Structures are given as C-alpha cells and as structure tokens.
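J.: The sequence shown: position 88 = 433 (the numbering used here), numbered continuously. Virtual Cβ for every residue (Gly too), placed ideally from N, Cα, C. The following block contains the structure, expressed as structure tokens.
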Amino acid sequence: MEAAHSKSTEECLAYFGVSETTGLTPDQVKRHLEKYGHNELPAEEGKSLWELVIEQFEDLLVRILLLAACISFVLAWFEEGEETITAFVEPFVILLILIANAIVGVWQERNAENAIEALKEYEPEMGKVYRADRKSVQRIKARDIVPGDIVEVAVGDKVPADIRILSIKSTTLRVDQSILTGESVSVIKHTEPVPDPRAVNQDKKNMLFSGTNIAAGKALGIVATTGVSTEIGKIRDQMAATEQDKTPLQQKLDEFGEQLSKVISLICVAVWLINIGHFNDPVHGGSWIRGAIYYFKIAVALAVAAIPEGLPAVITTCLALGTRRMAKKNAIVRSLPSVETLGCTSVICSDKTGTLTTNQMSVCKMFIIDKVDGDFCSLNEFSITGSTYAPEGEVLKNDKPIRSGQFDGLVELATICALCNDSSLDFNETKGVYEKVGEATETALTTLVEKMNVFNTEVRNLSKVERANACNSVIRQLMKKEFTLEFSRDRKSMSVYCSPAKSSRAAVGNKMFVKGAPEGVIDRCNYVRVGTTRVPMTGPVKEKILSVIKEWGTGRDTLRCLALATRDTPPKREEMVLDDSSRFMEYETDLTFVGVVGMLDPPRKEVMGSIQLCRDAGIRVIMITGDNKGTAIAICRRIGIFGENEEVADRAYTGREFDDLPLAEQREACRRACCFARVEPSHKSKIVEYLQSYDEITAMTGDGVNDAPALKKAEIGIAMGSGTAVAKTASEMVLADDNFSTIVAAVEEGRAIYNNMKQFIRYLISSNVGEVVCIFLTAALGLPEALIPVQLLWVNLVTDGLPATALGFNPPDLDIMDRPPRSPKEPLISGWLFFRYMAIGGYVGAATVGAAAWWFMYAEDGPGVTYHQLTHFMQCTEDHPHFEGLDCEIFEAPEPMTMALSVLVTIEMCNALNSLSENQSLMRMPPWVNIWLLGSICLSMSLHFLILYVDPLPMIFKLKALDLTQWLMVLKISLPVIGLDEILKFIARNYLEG
Ligand SMILES: C/C=C(/C)C(=O)O[C@H]1C(C)=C2[C@H]([C@@H]1OC(=O)CCCCCCC)[C@@](C)(OC(C)=O)C[C@H](OC(=O)CCC)[C@@]1(O)[C@H]2OC(=O)[C@@]1(C)O
Ligand SMILES: Nc1ncnc2c1ncn2[C@@H]1O[C@H](COP(=O)(O)O)[C@H]2OC3(O[C@H]21)C([N+](=O)[O-])=CC([N+](=O)[O-])C=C3[N+](=O)[O-]
Ligand code: NA
C-alpha cells in the first residue's frame, strides 16, 4: 500500500483483511509472502574471480598483447639456435605483464565498495510482529515480514519496513529520520490520515520508514510496503538504474585503442604488399620457414612498439600522488579517474547550510512594539552582539548597551524564546567551543535569552557548563510546559502550552507561546503587546511590522526572521485534540504579537573568494537552500552569486514554482537558474538531468541517504565529511571540512593535474609512433631487426616511465583558473601537434634504423660493408658479395641493437625535455623548471648502463657495452631532435598567432 499515509487506520486494516488484535493468519502470511516477496533489497550480482580475471583480458590492446604473446611463444618453440634460456624470455615478459596487470585489476575489485550495498546497513536483522498463530509478540527476521503485518516498535528499535502507525502506546512517539529527511531532531508521529496522496516524506507524520530509529516511545503499526517498495527501496532502485559514464579520458583511451588496433593491422598488410615480389622467387631454394618467422617476428615487435605498455601505471601513479595532495587540502577523492572530471566541472550545485555557511546561527536583531496610537506606531529595535553559540555578547539600542530586563516586552520575548523551544546549549570541554544541541535556529534563541538575561540572575559567578543554560533555567521555573505543538511546514509555526508553576486554587492563566515564520504567525494575531499592555492589531501596526521584516530578510542583513506571539486565552486543555496535527493552526489563533527576531547564518570566510574564482574559471554556481525565496536571493547577492542589483526573476525558483513550470520551461530554467529554494530530494536529480541535457559537467553536494541518487547521477557527487556513509560511498569526493571552498580548490587541482597528464600522455604515445616507424622501416627495407620486443618493453615500462612520471610534476600555469572549463570532447593530439609527432616519429624511426645500419656499414668495429646493403640478403647460402672467407651470422650481433636502443633512449630523454611545454621554447622554459625531471633522466640513463654492464642483463636484452666513439655517434644523431621540435614550436608560436 504506497498511499497508506492518506488512508485511515481502519482503511489500512480493511485493505489487507487483517485484524489489529490478532494479525495475519498463516495462510495470509504464505499468500502475502508469495505476492510481495521477502522484505529485503535484492542481493548484489555475484561477480566471480574467473569472471573477473577474464574481464582484464577484454581490453583491445591487452588482446593484441596476448596474441603477440602466443606468436612469441610459438616462435620460441619452432626455432633455430641452441640457447635454451635466451628464447622463452620474450614471451614470459609479455605474459608476466598481462598477469601483473590482472593481479591489480582484481585487487581493485575485492577492495571496491558499492553504494547500493551500503544501504543494507539500514535493514535490521529482526522485527516484532503479532500473528494469529500466537498470542504474544513474536520476534522474527526482518526479511520474513510482509505488508499487512501487525508490527510493534519500541525505543532504540530500527524500523524494519514502511509502516502505517495504528496506535501509539506511549505519551509520544519520537523518531530519528535524519538519514531520510535531513530532520536533525527526532520527530513526533501521529496516527490520523495525511490527506495529500502525494505528500513528501516529512509530512507523513503517521508513517514509520524502514531504516529509521525510534528515539522515544512505543507504537503499533501495519506494514504498508516492504523490500524495493519502501522509501529506501525506491532510493535503491533509482541508484541501480543510474548508469555512469566513462570519463572523457577513458573514452579517448578506448578510441585510441580502436584506432591503434586498426593501424597495426594496416601496417601488417603494408609489410605484406611491400614484399609482394617474393611471389616472383623460384619455389626451389630459399627458405619459406625462415622468411615466415621474419614476418611474425616483426608483427610481434609491431604490437609491442605500438602499445604504450607503461602508460596505465604512469596515469595511476600520477593520480595517487595528486589524490594524496588533495587530501591535505580536505578533498578526499574516492575514484582516481574522477580527478579529470573534477577538472572539467562546469556547474557546482551546493547546499547552503554548513557548506556555503558556517551553520552557526546567531540572532543579531530583534524588536517589539513600542507604542500604538491611531495611525501612529513605533517599534523598539535592538542589536545583539556575539556571532558564537556562546553567551558572549550583549544587547544594544543605537549601539549603546542596555538592560534587557528593563523592557517588559523583551521579558516576554525571552520567555517565548526559552519555553517555545526543544533545543539547548552544550559547552563541549574536549574542544572549548560551544555546540548546538538540536535545531540551529532554536539554539540561537537559547543563546539569545542567556545574553538578554532578563531577570538579572548572577552568572559572572558560575562556571562554563553552568553558563550554558542559566537564564533559561530561570524562565523554566516560571511555567509548567504541558505539551508542545511541533513545527510543520504547512503552518510554519510551533507553540507550547504552559500553565503557571506557582498556582494554588486557580485553573486560570494558562498561556500558549508561539514562534514561526512571520507571515502566518502575524496573520493569526488579533492583538499586539505593548510593554505589559495589549491593544487591537490594526492595519498600520501590521504594515510597520511586515515592512521591517521585509528589510531584515530581503535586505543586505540576509536574516532569517521569526515572529513570536502568545495566546493570552488559549483553549481549555481538555478541549484540545493533540493527536490531530491538522487542528494545530487553529489552536494558534487569536494570538498576541510580541516580537520578531532576526538571525544570521554567516557565509564561510573563504566563500566569497571562491565564488569569484568560479566566475573567473567559467564555472556556474547554483545554491540549494531551505530559506524562503526572498532570503535565498538576498544570500546569493551577499556572497556574489547574483549582483547586488541584477534582475533575477527567472534565475531563482522555489520547488513549488519549478514544479508549476511545464517540462520544457523547467529545462530552460535550469540553464539560467542560480538559486533553488525549498526543493525536495527529487529536484536535485531532475536538476542534474536537465543540466546533463546541455552537456554540463555537474558537481552536486549531498549528505543523506535521500541525496544518494543525485550524487550518483552527477559527474561529481560531493558528500559531506560530517554526513552519512551512504552519501560518502555514492560520491566521487568527500569534503572533510564540509566547505564549499574545498570544492573550488579541488577543481583547480584537477585542472593542473590534467594538464600535466596531457604532457606525459603525448610524450609516451609519441615514442610509440617513433618505435613503430623503426619496425616498419626495418621490414620495409629488409633490414635486420634494430630493436626487439624485450628492449622496447624495458624502454616503455622503465626508461620512459620515469620521465613521464616526472612530467606529472610540471609546474602549473599561473592562469589555470582564468580560463573556461575544458571541453570534454577536446582531443589530446590534433592538427599541428599531430604533424609535430608525425615528424618526430619519422625522425626517431630513421634515427634508430640509421644507428643499427651505420654500425653494420661505416663503423670500424663492425664489418665496414659500406653501401653493401643488408637489403641484399639475410639468406646466407648464396655467399655472393663476400668473395673469400668463412664468417656470416654477424647479422645477429648485439652491437647494432645497442646503437639503436641507446639512440632511442637518448632521444626519449631529449623528448621528455621537449614535453615540459607544448609550445614554449627551452630558451624561455628551461629544463631546470622541473628538478624531478632532470633527476629522473639521470636515473633512466643509470639504468641503461645497468642493463649494458651488469652481466646477467646484457645477454638477456641482447646488448653489448658501447665504445666512447659509438656513444659519440649516439649523441650526434640523437641531440638534433631538440632542434627539430624547437623549430616546430617556433612555427606554431608565430604563424598561428590569432
Ligand atoms: C601509437 C603508434 C602508432 C604508429 C599509431 O599510428 O598511432 C596513431 C593513433 C592511434 C593516433 C595517432 C597516430 O596516428 C599516426 O601516427 C598516423 C599513422 C602513421 C602510419 C604509420 C606507418 C608506418 C596519434 C597517437 O599520434 C600522431 C602522430 O598523430 C595521435 C592521437 O593520439 C591521442 O590523441 C592520444 C589519445 C590517447 C590519435 O589521433 C590516435 O588515434 C586517435 O584516435 C587519437 C585522436 O587518439
Ligand atoms: N520545503 C520547506 N518548506 C518550508 N520550510 C522549510 C522547507 N525546507 C526547510 N525549511 C525550513 O528551513 C530550515 C532548514 O534549513 P536548510 O539548512 O535545510 O536549508 C528549517 O528550520 C525551520 O524550518 C525549516 C524549523 N524546522 O523545524 O525545520 C523550525 C522553525 N521553528 O519555528 O523553530 C523554523 C525553521 N526556519 O527555517 O525558520
Ligand atoms: Na556521481
């Protein structure tokens, strides 16, 4: 029964055919269990280890690498040498890389924590029901409860299903619903129907929600819904159905993969088309077997040269380090890839209270009526100092301290403030600073009366915990508080019924004290207090009062106003139905207006500055608040979201107003709106949807279970440090200090990290192009392999991995926050840059092939076969152009591989320098601009010597220590790559200056 809150108790019992005093029969149980299922959220998909190891092997590039591993393994077998250790090395490396990769992918899943699974914290194991088969209450497993069940709850219980309250067995039933409604104070429950079939949860005062807690009392109820149908179950379904997108870089990486894979196959076809003349060779002689091994050897080298194998690790390392840095600035990033998205944020939607403001509420203005004489009226206005919940402050009229007690009107104002109040003050001795005990707005009052000290009680003598509630305790001794009519959003007021404490043979002199939003309270005043006297409420007195409230609430003071009032002749106690909240407005009629208080929940000190940073960075800020609309807009003006004087008629919306717009107008509202007031949790989700319809990258704040869906939907869900764990697990980021400014600082960090990532992505991928040209050159010209997979793999994982990682530490540009958000669709490499890496690639390909071919020919350590061309053969049974001797297999020498490799290494060190800046010359942005980079380059070269010298390794990699002559050639050919880039950077910096 979804609409239970709107049905009578009788109607709810009738629907399920259940007797309140017996409960369900066992036939009913069996039928209801079959119809409605068990009372639980569906279990998580069992994702197995085998099913998960396989997912690691779904990435296209890892597939290519696996294919290459198999050809490399197959080749290690069907071979012609004798060395048993040196062969199976290659396929083991690739295999090991794929395995280490899988190990990690798996680590991340056993440690992954999901939001839907965290909701289960809120289902209790047991609940209590009355069923026909037994007289006494039976404790059963929550999961076996069904709709129609008669259930019983008591103080401390976790609510087990969504239950319509039948009977409250205690004096009141108080419930902790904070997780679902964001109501901090436990809320009173009743049993009468709530008429609106579409009531929001906060109005469902006759309902208990699954997952919430009984704070006081004992109650009988009938189970309305279970499982996925409860409020929290529907929240679990909304999250389930939300599909999150791959980040822009993830999408680019996949696109890169697809294309790279297409290029690879194309180059194979090319290497085939280029050696098509082999169909002209006599079938007799030669070696097909030794030719086919040659095409497969290069296919493997091609695969290895194309993939940036070390890239995922560099990306991960850079992200972890950034993450650690962000945490020191209160931004706890939960998802490493979100860092990029955060850098792209174009809208931040932020709750106000506690995030944009300190949530330290403090009264700084109040007034009572001074006098009323026909058309004439005056008010007595005061200021109150002290922005803390601490009783540190004093009252002033025209900036001069006064005695509060010397105004009877004030005495009553404080009386109402103290009695009509569920909250209080605590002096927390672990911290020193005072903390709210309840609602913030109420504690401001508590704090007010202490500062007012209307009866002049001796407080300078008391301590610091005896200070928290002194002047309050005085006022309590005055009146017996009988009951309270709790605040509700329809009437926007609350009241207390009181009778004199000292009261002999007198049934008379009871008072109700009423506090609430001014408009409805004032409309219900027929009288105005003036000192201790009373006079009829009339037009010019009302004008005067509403006029001041308008200025305090809509002006630059941005205060929340409450009107305070007393009913002088309240109804007889017995003539009041305390059980029907619908009558409460009526009990609070025929009131006497006493006064108005104005309180401020001040903006955080950094907020103004961060709002400005957002405007500078092209990031829109939307405030979401529970203030009325007028005060909402005033506060937006105050912190600079709106200009002091700009028109905002269609840039601010209440939840009400927004609902009244047709769908098309709502989408349009979201694109221009900066302020939403009094909105429901559903609105945050709609706002995010509409914003995603204009391709915004949106951050949204949240704290409760009710915020979880919207946090999941937003590109950057942002949870409060002080909030629920469910909100945390549904978010990309947590603010450990709750501060909006932490968001802005995280975004800037995102922008700077990403700009560095660009450089190292471009740097690593650039070398892969360079490597492929080498392999394709080698197979084009019929040359001996200049580089083998194992070498390339060391370079891609280690040699270039360090400088790439160092490029992550590139100093950020000074104008990072002076530019619009980066377009998500913006390519990492395109246009002129494409051409640059085209040219570098071609250079690098030529330079490596060159060095190997130079050794074979013009080098005097090797067989100076100058223009003798390796082109000719790698056959060696024809022995044509060696007219006399007995030596041939020098085609497998490690020296020319060492030439190529040291060229590759050196060029890449050079190109790491080229990568410090996209377009700035090294003459303006020198190498020492990044110490880590120089440091890494020294480390890579050291390691290059390691594999050249440390004996097990030279043999493994097939290399031989170079000559001082040969190193000098390495440098001769490698260094110019700097010249080429410096020229190319020059061309971009000058003939594209528009
Ligand atoms: C990795 C190694 C090679 C050899 C491969 O060619 O990479 C290409 C490739 C896949 C792209 C290209 C490479 O394209 C070429 O080099 C032209 C083909 C030359 C034929 C060779 C014949 C001997 C990148 C690498 O380089 C150059 C020089 O322009 C740029 C960029 O890469 C990126 O933007 C990085 C995105 C992660 C991509 O065009 C990208 O494809 C895309 O979708 C992008 C948008 O990704
Ligand atoms: N949709 C709404 N409709 C009406 N009032 C609302 C609404 N949403 C919030 N409020 C008011 O805005 C608050 C939370 O702000 P945030 O930090 O969440 O943006 C609320 O505090 C009081 O009224 C609530 C209140 N109370 O019990 O809730 C009792 C009051 N009282 O009489 O003691 C008055 C409150 N008040 O706002 O003045
Ligand atoms: Na999200």
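For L1132 and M1242, what's the separation of their Cα atoms in angstroms?
T.: Straight-line Cα distance between these residues: approximately 6 Å.
J.: With distances taken from CA atoms, which of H623, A648, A646, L647 is nearest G636?
T.: Measuring from the Cα of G636, the nearest candidate turns out to be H623.
J.: Between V692 and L1036, how many whole angstroms is the CB-CB distance? I'm expecting something under 8 Å.
T.: About 6 Å separates the two Cβ atoms, so the contact holds.
J.: Taking the alpha-carbon of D590 as reference, which of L1126, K1058, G954, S732 has the nearest alpha-carbon?
T.: The candidate whose alpha carbon is nearest that of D590 is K1058.
J.: Might you give, ordered along the chain, the residues of its own chain that have their beta carbon closer than 7 Å to the beta carbon of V717, omitting 5 neighbours on each side?
T.: Excluding positions up to five away in sequence, the list reads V873, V875, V880, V886.
J.: Could you tell me the distance, in whole angstroms, from the CA atom of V451 to the CA atom of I638?
T.: C-alpha separation (whole angstroms): 36 Å.
J.: What is the DSSP secondary structure of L440, reduced to helix, strand or coil?
T.: The answer is helix: DSSP assigns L440 an H, G or I state.
J.: Please confirm whether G738 and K825 have their CB atoms less than 8 Å apart.
T.: Not a contact, by the Cβ cut-off of 8 Å.
J.: If we call anything under 8 Å between Cβ atoms a contact, is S555 one with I533?
T.: It is not a contact, given that the beta carbons lie outside the stated cut-off.
J.: Less than 8 Å separating the beta-carbons of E537 and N551?
T.: A contact, by the Cβ cut-off of 8 Å.
J.: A1059: beta carbon under 7 Å from a heavy atom of ligand 3?
T.: The answer is yes for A1059.
J.: Assuming the contact rule is C-beta atoms closer than 8 Å, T557 and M346 should be a hit. Round their C-beta distance to whole Å, please.
T.: About 18 Å; that fails the 8 Å criterion.
J.: Measure the C-alpha to C-alpha separation of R812 and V782 and round it to an integer number of angstroms.
T.: Near 15 Å, if we compare the C-alpha coordinates of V782 and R812.
J.: Which of helix, strand or coil does DSSP assign to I1061?
T.: In this structure, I1061 counts as strand in the three-state DSSP scheme.
J.: Measuring only the C-alpha atoms, how far is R1107 from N1256?
T.: Those two C-alpha atoms are separated by around 10 Å.
J.: Is the CB-CB distance between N798 and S749 below 8 Å?
T.: In contact: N798 and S749 (Cβ atoms closer than 8 Å).
J.: State the CB to CB distance for the pair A564 and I513, rounded to an integer number of angstroms; the pair is presumed to be in contact (CB under 8 Å).
T.: Indeed they touch by this definition, with Cβ atoms about 5 Å apart.
J.: With distances taken from CA atoms, which of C613, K380, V841, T976 is nearest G898?
T.: Among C613, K380, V841, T976, the Cα nearest to that of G898 belongs to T976.
J.: In this structure, does DSSP put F641 in helix, strand or coil?
T.: Helix.
J.: Counting only runs that start and end within the segment 501-582, where is the beta strand (DSSP E) found for 3 or more residues in a row?
T.: 507-513, 519-521, 558-561, 563-570, all fully within the segment 501-582.
J.: Give a yes or no on contact between the segment 1059-1067 and the segment 682-689, applying the rule of three or more CB pairs nearer than 8 Å.
T.: Yes, the segment 1059-1067 touches the segment 682-689.
J.: Closer than 7 Å: is that where the CB of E784 sits relative to any heavy atom of ligand 2?
T.: It does: the Cβ of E784 is within 7 Å (strictly closer) of some heavy atom of ligand 2.
J.: Quick one, which of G1280, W617, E365 has its alpha-carbon nearest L1147's?
T.: Per the Cα distances, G1280.
J.: Within the same chain, show all residues whose beta-carbon is closer than 6 Å to that of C870, passing over the 5 residues directly before and after it, in chain order.
T.: So the qualifying residues of the chain are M882, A910, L936, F938.
J.: Which residues in the same chain as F828 place their Cβ atom closer than 8 Å to its Cβ, once the five residues preceding and following it in sequence are excluded?
T.: Counting only Cβ-Cβ distances below 8 Å, and skipping sequence neighbours, we find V841, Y842, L923.
J.: Leaving out five residues on either side along the sequence, give the residues of the same chain with a beta carbon under 8 Å from the beta carbon of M953.
T.: Contacts found: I984, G985.
J.: Does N384 pass the burial test, meaning 16 or more other C-beta atoms within 10 Å, or should it be called exposed?
T.: It counts as buried.
J.: So, is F1179 buried or exposed, given that buried needs 16 or more other C-beta atoms within 10 angstroms?
T.: Classification of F1179: exposed, given that the 10 Å Cβ count is below 16.
J.: Just to confirm, is the Cβ distance from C1020 to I1088 under 8 Å?
T.: In this structure, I1088 does not lie closer than 8 Å to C1020 by Cβ.
J.: Between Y1182 and ligand 1, is there a pair consisting of the residue's CB and a ligand heavy atom that are separated by less than 7 Å?
T.: Yes, ligand 1 has a heavy atom inside 7 Å of this Cβ.
J.: State buried or exposed for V1248, treating a residue as buried only when at least 16 other CB atoms are found within 10 Å of its CB.
T.: The residue in question, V1248, is buried, as its Cβ has 16 or more Cβ neighbours within 10 Å.
J.: Kindly indicate which residue of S1168, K837, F858, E1130 has the alpha-carbon position closest to the one of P845.
T.: It is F858 whose Cα lies nearest to the Cα of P845.
J.: In three-state terms, what does DSSP make of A852?
T.: In this structure, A852 counts as coil in the three-state DSSP scheme.
J.: Does at least one heavy atom of ligand 3 sit under 7 Å from the Cβ of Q589?
T.: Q589 Cβ: within cutoff of ligand 3.
J.: Alpha carbon to alpha carbon, what distance is there between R509 and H350?
T.: If I take the Cα positions, the gap works out to 6 Å.
J.: Rounded to whole angstroms, what's the CA-CA distance from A1196 to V1033? Just pull it up for me.
T.: If you take the alpha carbons of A1196 and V1033, they lie about 58 Å apart.
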